[PDB]
Amino acid sequence: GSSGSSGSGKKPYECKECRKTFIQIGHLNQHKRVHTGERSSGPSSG
Ligand SMILES: [Zn+2]
């Protein structure tokens with residue numbers, strides 16, 4: 001099951017939704033906001 005190639009060294013930041021990292025705080029400062037809402041839009045949805 002679990003698996004992961006070699007790498008993924010100490011990462012900078014880490015989102016909460018897409019759990020994505022960011023080299024610079026600026027790129028995240030804006031992204032973080034992008035996660036305003038649009039939640040629970042998977043099942044029984046388009
Ligand atoms: Zn995100």
# chains A, B, ... in the order shown; residues from 1 in each chain; ligands from 1

call {"tool": "residues_near_ligand", "arguments": {"ligand": "ligand 1", "cutoff": "9 Å", "atoms": "only C-alpha atoms and all ligand atoms", "output": "list in words"}}
result
residues 14, 15, 16, 17, 18, 19, 20, 21, 28, 31, 32, 33, 34 and 35 of chain A

call {"tool": "select_by_dssp", "arguments": {"residues": "chain A", "states": "alpha helix (DSSP H)", "output": "ChimeraX atom specification"}}
result
/A:25-34

call {"tool": "atom_distance", "arguments": {"atom1": "atom CA of residue A:3", "atom2": "atom CA of residue A:42"}}
result
26.2 Å

call {"tool": "atom_distance", "arguments": {"atom1": "atom CA of residue A:41", "atom2": "atom CA of residue A:27"}}
result
25.0 Å
